[PDB]
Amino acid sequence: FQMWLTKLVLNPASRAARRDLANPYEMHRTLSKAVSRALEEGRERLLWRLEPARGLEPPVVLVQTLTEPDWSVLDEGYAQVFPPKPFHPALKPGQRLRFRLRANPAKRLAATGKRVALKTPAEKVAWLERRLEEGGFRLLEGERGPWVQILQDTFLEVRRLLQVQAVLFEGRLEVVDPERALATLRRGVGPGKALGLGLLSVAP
């Protein structure tokens, strides 16, 4: 009942890597290969994130898996694989953690039956604040507002046309219910979990 974290530094000289970097769907098919058997048996929840490019340095993909991944299934010269390490998220009540989450703040419009993205930063934060509170977490806050800043807001258009709003959050949260908090980290947060969203990363 633990987790695995893998750091994949992709090689921009690879044609397979450039393809997967442009297409979150093609990245999803490639990353699924490492835990192909566990997904076939329906006991795996794959979560990944393309880390924000600080510039200069190569693309970094962080992959979280419930079962141990076998990264020998990647193409030759695809990525520099940093060995997967067992992740025990030992959480106590009232513990405060720095978090990073690229997610899809959206709502199911009842007039259309469709799922559309939220527009204002005020309701994007309100969405995050709701999802964390439902998942046993709670956003810390000062007197200006909640402890979170939106760093990226890009409208993704995956050609398999999949259209998902990708919002990158970063700030500080608190653990209220550690049992709920453990499950939230394992499940992920919000839609588009296959397309590189949902992965909630926590650090002290």
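For clarity, a rigid core is taken as the largest C-alpha set superposing within 1.5 Å between two forms. Residue numbers run from 1 along the displayed sequence.
Taking the root mean square of CA deviations in 6 other deposited structures of this protein after fitting on the rigid core, 131-139 and 44-52 differ, and the farther of the two is 44-52. Taking 77-85 and 101-109 in turn, the stretch whose Cα atoms are more displaced from the shown form in 6 other deposited structures of this protein following rigid core superposition is 101-109. According to the entry, the deposited sequence has no residues without coordinates between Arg54 and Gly55, so the chain runs continuously there.
Legend: mean Cα B-factor per stretch from the PDB entry, 68-76 versus 112-120; the higher mean is in 112-120. On average the C-alpha atoms of 15-23 have higher B-factors than those of the other stretch, with 187-195 and 15-23 being the two compared. Of all the options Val60, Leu47, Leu31, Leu162, the entry's greatest CA B-factor is assigned to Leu162. For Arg100, the recorded CA B-factor ranks within the lowest third of the chain. Only modelled residues enter the ranking.
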